[PDB]
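As structure tokens, the structure follows; a few thoughts come after it.
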Amino acid sequence: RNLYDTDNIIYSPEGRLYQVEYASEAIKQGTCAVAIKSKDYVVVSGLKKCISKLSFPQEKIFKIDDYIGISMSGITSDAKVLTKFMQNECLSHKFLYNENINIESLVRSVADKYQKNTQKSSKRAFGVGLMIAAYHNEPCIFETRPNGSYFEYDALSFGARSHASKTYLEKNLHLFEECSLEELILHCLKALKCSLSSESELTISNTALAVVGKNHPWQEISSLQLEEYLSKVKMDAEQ
Amino acid sequence: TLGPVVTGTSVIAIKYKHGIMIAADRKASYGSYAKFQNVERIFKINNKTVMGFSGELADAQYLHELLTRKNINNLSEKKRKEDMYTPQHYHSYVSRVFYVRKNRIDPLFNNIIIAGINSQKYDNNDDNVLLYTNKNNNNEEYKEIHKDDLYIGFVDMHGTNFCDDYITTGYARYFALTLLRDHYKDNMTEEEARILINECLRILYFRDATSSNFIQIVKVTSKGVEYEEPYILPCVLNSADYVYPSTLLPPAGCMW
């Protein structure tokens, strides 16, 4: 018995909030996603969970706005509530000001939504993390945590066994800045493959990939292009 | 507010080769009584945006407060110069305020002009914004700003809003606008723009009872928002027939 992990408003003698930390723990259980960016592009790739043979893969990445998309890991319903909130904030900003929202302001609003759910005993923290990829004067990647903090990244990964993908990203971080869109896609897909189980592969069915950039609205990649990229990845993995 | 009580008359804003030139006489009238003769009617929103108003002064001060605090909060969240709100953003915000108040039948009794520079590529003024210091009052030259990068918006009581190369309010919508539609041209120098604005203000002085000849000119250019020194406009009658004595005309008939 912890005696301090029962309520979300109670600090432990070490100054920790255990319910919020458990909500974060829910994030590590999700499928892996990877976001990387060059000087002009952000590429998001993630694994689509499959429940069984007869089931369709779960959706991993979602469009928020013309130049904003997200990937998540954790409790899906929480992610859906946050997705609706972000889509509405962006559309309401276009409606009121006739311009595309500032991405920093949207992410701050998301993080404040996170924060408000941690200060009352009648709420729980959102048990999901959001990876946010947009192009607003420059490519950008953001992360949001259950505790109400957010961070900007140059390359990012989370989910189950995302430490292998993080190792790959740290190794090649220097390359991503100057590489072409095709190379950036290959890098993102290889980082995602680095998180795979022993027996698994990356297939058009179980692989979500989106690009967004300077003149390139948020767009998922089609099955044909995705298949060509996966074949290139396999072939240059054989080397 | 239920109707105008203290009112300013007319504002003129035009694009010229270095940015926006906006003018308004410094007068606020209590009906036909010219109670206030040194009133500021053009306000700075940020380094690239100004607000002019005609109509009720109290409503205009309310709106000015709203925009002042909006710009403050904008600066509070700024991380780069691109984050500052454009004149288009403020025009949308004001049009929305007016629309909402119309739907409640509670309008601000104003016509508003929002003007400024709709780009950040012409200078680095928004890199380090000073709210309470002005460095213009260094020896640099103005940048020619493409007309498409400049913005002049209009909002009226019903929420009608639009943009153009020149905008007028009040009696300028008849006197000044006629001469502008006749004579305005793109890429005017400060001299030509000032001459045309002064001709419009002279006509207004001669034909608008609420107007005065003490003119405040404001410029929005690569150097920021500049308030010129207020000046009295010289207005002389354009005919000797006005000055002819009545006794020199025939004493009989309706001679007056």
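Coordinate-derived values only; no laboratory data. So basically every Cβ, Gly included, is an ideal-geometry build from the backbone, and we count neighbours across all protein chains shown.
Restricting attention to region B:110-124 and to residues that are surrounded by 21 or more Cβ atoms within 10 Å (Cβ to Cβ) and more than 14 Å from chain A (Cβ to nearest Cβ), the residue that is nearest to the chain's Cα centre (by Cα) turns out to be B:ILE113.
Restricting to region A:48-64, name every residue that is of a type outside the set (S, T, N, Q) and assigned to a loop (DSSP other than H, G, I, E, B). The answer is A:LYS48, A:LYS49, A:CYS50, A:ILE51, A:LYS53, A:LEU54, A:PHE56, A:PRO57, A:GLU59, A:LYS60. Kindly indicate which of A:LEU192, A:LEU226, A:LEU184 is part of a helix (DSSP H, G or I), farther than 14 Å from A:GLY46 by Cβ and in contact with a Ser or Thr (Cβ under 9 Å, 6 or more places away or on another chain). The conditions single out A:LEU184.
Among the residues of region B:43-90, just one is aromatic (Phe, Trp, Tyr), in a helix (DSSP H, G or I) and within 14 Å of chain A (Cβ to nearest Cβ), namely B:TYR90.
Pairing each residue of region A:90-108 that is within 11 Å of another protein chain (Cβ to nearest Cβ) and under 16 Å from B:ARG80 (Cβ atoms) with any residue that is not charged (D, E, K, R) and not in a helix (DSSP H, G or I), provided the two are 6+ apart or on different chains, yields C-beta distances under 6 Å for A:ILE103/A:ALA134; A:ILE103/A:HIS136; A:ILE103/A:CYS140. Checking B:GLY116, B:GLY55 one by one, the residue that is on the phi > 0 side of the Ramachandran plot and out of contact with any helix residue (DSSP H, G or I) (no Cβ under 6 Å at 6 or more places or on another chain) is B:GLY55 and no other. Checked against (1) buried (at least 23 other Cβ atoms within 10 Å of the Cβ); (2) of a type outside the set (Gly, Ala, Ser); (3) touching a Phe, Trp or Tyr at 6+ places or on another chain (Cβ under 6 Å), B:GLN88 passes all but a single condition, namely (1). Evaluation of A:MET72 against the conditions (1) within 14 Å of chain B (Cβ to nearest Cβ); (2) within 30 Å of A:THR6 (Cβ to Cβ) shows that the sole unmet condition is (1).
Against the test of being more than 14 Å from chain A (Cβ to nearest Cβ), of a type outside the set (D, E, K, R) and surrounded by 21 or more Cβ atoms within 10 Å (Cβ to Cβ), the options B:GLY31, B:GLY8, B:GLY3 yield a single qualifying residue, B:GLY8.
Among all residues of region B:141-155, there is none that is surrounded by 14 or more Cβ atoms within 10 Å (Cβ to Cβ), among the aliphatic types (A, V, I, L, M), within 14 Å of chain A (Cβ to nearest Cβ) and over 18 Å from the mean Cα position of the chain (by Cα).
For region A:133-176, the tally of residues that are among the charged types (D, E, K, R) and more than 17 Å from A:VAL43 (Cα to Cα) stands at 3.
Got at least one residue in region A:36-47 being in a helix (DSSP H, G or I) and closer than 21 Å to A:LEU192 by Cβ? Looking through region A:36-47, none of the residues is in a helix (DSSP H, G or I) and closer than 21 Å to A:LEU192 by Cβ.
Restricting attention to region A:109-146, the residues being part of a loop (DSSP other than H, G, I, E, B) and either within 12 Å of chain B (Cβ to nearest Cβ) or among the aromatic types (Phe, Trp, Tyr) (or both) number 4. Applying a threshold of 6 Å to beta carbon distances and a minimum spacing of six or more residues, or different chains, the list of pairs starting in region B:91-109 at a residue that is away from chain A (no Cβ under 14 Å) and ending at one that is of a type in the set (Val, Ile, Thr) reads B:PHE109/B:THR1.
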